[PDB]
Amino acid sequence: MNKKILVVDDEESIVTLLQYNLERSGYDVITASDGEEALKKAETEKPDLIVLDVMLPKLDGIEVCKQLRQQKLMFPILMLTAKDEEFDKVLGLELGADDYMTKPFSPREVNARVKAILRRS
């Protein structure tokens, strides 16, 4: 069976892009548009990987990771950052992030990053 990816971004266009391309690549995809929804879906649907926007409404990406860590939950996490919004990757490691991708990104870039992370496990 297909691996399941939870895609989380508040920009609808980014979610649509990610879902289309990852489904084409043979993954099952579920989505969230805010951090509260994301945390609930992670806890319940147990995705194999989470693609998570850093700047998110309700609970931001840092907070989502922090709450997962507090629950002792470990997910492969690809963090998405905006142009010229540098992220502290040492903090990211504290939070359980596994990799980072900046926006904009191409279909092949995201496919490559997700594949590499899924292989590392």
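A residue's number is simply how far along the shown sequence it sits, counting from 1.
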Quick check on the record: does 78-86 or 62-70 carry the larger mean Cα temperature factor? 78-86
Once average C-alpha B-factors are taken from the entry for 38-46 and 88-96, the winner is 38-46
Modelled-residue ranking by C-alpha temperature factor, third containing residue 108: middle
Chain third (lowest, middle, highest) by recorded CA B-factor, residue given as residue 17: highest
